[PDB]
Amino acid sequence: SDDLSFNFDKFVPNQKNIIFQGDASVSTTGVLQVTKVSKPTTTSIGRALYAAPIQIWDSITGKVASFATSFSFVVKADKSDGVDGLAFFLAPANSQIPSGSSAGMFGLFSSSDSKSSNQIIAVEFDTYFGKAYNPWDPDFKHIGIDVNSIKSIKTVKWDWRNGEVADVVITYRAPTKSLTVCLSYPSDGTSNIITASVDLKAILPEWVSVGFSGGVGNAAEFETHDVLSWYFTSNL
C-alpha cells in the first residue's frame, strides 16, 4: 500500500538511516539531540534528516502526496528561558545547511527574505522572539508555519513547558491543501493547535528530504532541543 512509512521508538548512536548535519547527534540514552548539549555550553546549529529522499509530488500524473508525522520532544532550559527553538521541515533532496545561517533561522535560511528558491516548508517551535534580533517574530513563544521564509505565514501562541515532553502530530491533507499542527503536554493537559493552507506542488521540488533542525544562538540562555521518537508516513 502506502509509499513510505517508518517509525523510530528510540534512536541509536550513529544511526545509519539518519543524516547528521552540524552539531546534531544521538546520545547514549537514545535521544536525538539536534542541538549540542555540552559541559561548557556553546552556540549551536544542527539538522537531522531521514537518509532517503521522499517523492512529495509527481510531475507526470500531477498527484500530490498526503503525509502524517508524529514525534515527542523536550526543550529544557537552564534558567527560566532559553533560545532558539526547534523545527520540523521539508527541503530539497539532500539539502545542506546554508552558508551564513544562524540559530534564529534554525539552519534553514541564509537570510530573512522570502525567496521562492529556498524551497522550504517548516513547522517551528520558536522559543526566542527578541525584537532587535528576530524582528520578524511575534511577542511570545510560538508555533509557526514557515513557507520559504523565517517570517511565518501563520503563528499561534505556544504554551511551552520547561523540561516537559510534548507530543506533536502534523498532518497534511493534499486534496484540501491543509497542514495541521497538533501539540499537547500529557503532564498537565496543555494543548496548542494551528492549521494553514499550503500547496506543496507550488513550493517544493518533486523529491524532498524531511527532518529536524534547531539552534542555540546564545550560550548564556542555553536549552536542549531533544526529539525522543519519530513516526512518518506519506502516500501519493
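The first residue of the shown sequence is 1; numbering continues from there.
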query	finding
At least a third of the other entries leave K177 unmodelled	no
Cross-entry absence of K201, a third or more of other PDB entries	no
Residue range whose averaged C-alpha B-factor is higher in the record, 34 to 42 or 176 to 184	34 to 42
Between 90 to 98 and 109 to 117 (mean CA B-factor, as deposited), the higher	109 to 117
Residue selected from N17, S213, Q21, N218 by maximal Cα B factor	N218
Out of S72, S80, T155, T127, highest CA B-factor residue	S80
Within-chain third of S5 by Cα B-factor, per the entry	lowest
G62 - which third its CA temperature factor falls in, relative to the rest of the chain	highest
CA B-factor ranking of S209, expressed as a third of its chain	lowest
For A132, the third of its chain into which the C-alpha B factor falls	highest
Third of the chain, ranked by Cα B-factor, where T171 sits	lowest
